[PDB]
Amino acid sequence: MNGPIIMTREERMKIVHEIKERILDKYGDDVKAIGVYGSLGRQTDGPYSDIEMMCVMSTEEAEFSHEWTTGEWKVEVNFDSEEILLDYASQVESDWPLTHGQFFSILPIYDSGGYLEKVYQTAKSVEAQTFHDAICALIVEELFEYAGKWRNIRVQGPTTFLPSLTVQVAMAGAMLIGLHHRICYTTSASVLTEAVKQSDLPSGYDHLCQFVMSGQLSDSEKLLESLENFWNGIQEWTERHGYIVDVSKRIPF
């Protein structure tokens, strides 16, 4: 196994078409729709991209996947009932900017009646409060946790974890920016490039991303200073935008 190999958009779409025909042969009238997502769904696949497909099933509670390789390429096909998929499309977790681009990159190849459009409409109709709640949770569950981790590094090591942690913090900041602007990143490779192009960023985020994007992550004292500056920027930014809960009680339940 030395793949993935170089492939063209034909070669991927021919494979997609074979999988579509197999899906219709096996599941028949239980298939409501078949779509391609990811880079191939956006028609921006590169020489080595994988193949990602989504199937909407009429079957109650249907929820399964097939993910395999031929040694030369890799495919993932998800099969979901309409209710299960629409519920997922309306959920906003901390990595929503990374996961839900799927629903804004659908290439419809089979649809028995407006199913893929309903998925898209569901993904785009999330209410403002849902994003607000997700942002407040991200600050506590990810950023505050990371701040404790790098401050532990400062006082007790290990600095060998600091480059990886700095990458994680830059990614969490990108999730924060994506939730705030209600944008999903096109690919994993463009997350940081797209994040630093947005407006109204927390102070210090650009400098942090400069280390991560250049790969100059060996000066631990500079990384710690950059992380602290970003953490200070988070405090001013969340206060300015109202992403604040009462934290005065030791136990808030």
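The first residue of the shown sequence is 1; numbering continues from there.
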Of 58-66 vs 206-214, the stretch with the larger average CA B-factor in the entry is 58-66
Can you let me know which of the two, 165-173 or 99-107, has the higher average C-alpha B-factor in the entry? 99-107
Among the modelled residues of its chain, the C-alpha B-factor of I139 falls in the third labelled lowest
Among the modelled residues of its chain, does the C-alpha B-factor of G71 lie in the lowest, middle or highest third? highest
Record-listed C-alpha B factor of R151: chain third: lowest
For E221, does the deposited CA B-factor place it in the lowest, middle or highest third of the chain? middle
Ordered by C-alpha B-factor within the chain, which third holds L192? Give me lowest, middle or highest, please. middle
